[PDB]
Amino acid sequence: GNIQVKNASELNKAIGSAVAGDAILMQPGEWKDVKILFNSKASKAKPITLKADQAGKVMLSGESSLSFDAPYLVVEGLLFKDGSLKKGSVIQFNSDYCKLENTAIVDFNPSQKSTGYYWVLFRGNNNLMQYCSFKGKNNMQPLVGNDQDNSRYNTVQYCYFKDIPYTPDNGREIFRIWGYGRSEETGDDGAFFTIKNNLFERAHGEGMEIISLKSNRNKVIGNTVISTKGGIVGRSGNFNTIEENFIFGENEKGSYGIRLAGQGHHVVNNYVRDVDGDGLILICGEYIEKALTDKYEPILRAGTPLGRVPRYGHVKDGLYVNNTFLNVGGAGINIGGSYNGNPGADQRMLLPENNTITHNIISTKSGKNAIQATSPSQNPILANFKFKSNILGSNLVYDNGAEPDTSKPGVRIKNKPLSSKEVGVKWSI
């Protein structure tokens, strides 16, 4: 690099005077209450880099934060520690084609849990976060968020999410991905967010949705989730991909596997074992075409064909193949979770239909409910609902006391789970 900075005054001068290709190098020590507004004028071919002289030796404390506010900017080697915020996000991608790497955020917590803020928020396009580490977030708001508008093709890979203390508070996901598909849209668009080759260890947070997809065309690929409460969840949206992940529950209370609402998903080559709950949950969708009883309270949304959206998208047309669910404390595959056979305020009665659920390996602690399919209520007002059959076969259920230890069932593309040595920051803690 080529611009040395020792204090906040010098840093803002360097940000304003750096030209494309420059590097801004921060001196080691503690940087208290520095709001970094990184808006240097870089180029696609010559990015501008803000980084520590020595990775990990620069500690941003107090109310410190970082905002990427112009394209082609790189930030490397920072540590956020001994500090907190009152709102917003510790790190924010407000532009396009920026990169954060080799950065850690460590117990960067406020005093009240109710003082909410993200740790990383995406609000722009084609951004990259990799080899970063996150430990100890204990307040409201997802650790990583993706914003609803103009924030597509962001990628988070080779990061490390560790010891996110458990409190059952919805809104403490590790990842929450908004974007097109939030309102259950089925067009070509989406968030196109990639969560890839990350390691999660005791990343409890809310202990419900570790990853919460609420948009379309996202990729959850090759992550390792160790002993973490909650599951990987497609909550809203369509055409999401959940592939080649490893969920080692280590019998953590509250852990479970994969859960989906919506259509067109590809859930392939996942290895789930020793979770407390279900391996795979296909949740029942909500009927919205008309009110089945006088009690229906629709979720309103302007701009839709009916003026409303379902609480949960019908699970149809998906691919649920070549997964392994071993030693699970709940059902192996739950076809039709959260069924309401007595429609009232909600009409969550659409059983999954036309999905391919084949070539899976399953064992359960109870030795029952390897595959559990909800059967329709006999309620007369649901009598004429007929669901396209799922394609079910070539699933192999093992004796849980005698586990496995060509088109074979179970994970056909076998990779290796991630060690903490290959993810997160290269420097220590």
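Residue numbers here begin at 1 and follow the sequence given.
With 378 to 386 and 41 to 49 compared on mean CA B-factor from the PDB entry, the stretch scoring higher is 378 to 386.
When the mean C-alpha temperature factors of 110 to 118 and 95 to 103 are read from the deposited coordinates, 110 to 118 comes out higher. Listed residues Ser212, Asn355, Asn342, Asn323 were ranked by CA B-factor as deposited; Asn342 comes out on top.
The deposited CA B-factor of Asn270 belongs to the lowest third of values across its chain.
The PDB entry assigns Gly367 a C-alpha temperature factor belonging to the lowest third of its chain's modelled residues. Looking at the C-alpha B-factors along this chain, the one for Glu173 belongs to the lowest third.
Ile361: CA B factor lies in the lowest third for its chain, per the PDB record.
In this PDB entry, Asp188 carries a Cα temperature factor that places it within the highest third of its chain's modelled residues.
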